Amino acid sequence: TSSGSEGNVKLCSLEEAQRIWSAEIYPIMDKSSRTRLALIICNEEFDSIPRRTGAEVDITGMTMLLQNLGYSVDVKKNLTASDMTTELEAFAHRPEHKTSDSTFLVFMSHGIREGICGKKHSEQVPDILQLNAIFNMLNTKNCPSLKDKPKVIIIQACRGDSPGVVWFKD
């Protein structure tokens, strides 16, 4: 039922869980004690580039979904690349990761080939957070609490100006 904590996410039965269970699966911590964390950074209002209409629908959908999967969701809006970095650094230091088995990172903004655009981005003065930086801030060195634990990064953004298509005759 949708009235529960899992919402619209189809539940895994105990018979299904044993059917999957092998030594090639990530371990899941006890539901009673675990403190799962997730972070959504969504840029909607920008200084130079047009407003991202419908971003609130994405925030709602992603926030609810990750909560349904058992993650406590922090939502941060309209940040620069420097502010995103600071927020990522703060997220990596959260003590709850030690009593968590995994994490989800969601980035939603305008994007170019180099990376994700901050709120202050323009072609004159770039304000870009690179994917490489996200990985570095969340790796074993900078985030030892999530060692051996799945780190899922989701990015909604353009990666260039091209339509991504070619023509062919049938």
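Note that residue numbering begins at 1 and tracks the sequence as displayed.
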* According to the deposited model, is the average Cα temperature factor higher in 6-14 or in 157-165? -> 6-14
* To do: Read off the CA B-factors in the entry, average them over 100-108 and over 51-59, and name the higher stretch.
  => 51-59
* Asked: According to the PDB entry, is the CA B factor of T35 in the bottom, middle or top third of its chain, that is, lowest, middle or highest?
  -> lowest
* Please rank the C-alpha B-factors of the chain's modelled residues and tell me whether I25 sits in the lowest, middle or highest third. => middle
* Looking at the C-alpha B-factor of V125, is it in the lowest, middle or highest third of its chain? -> highest
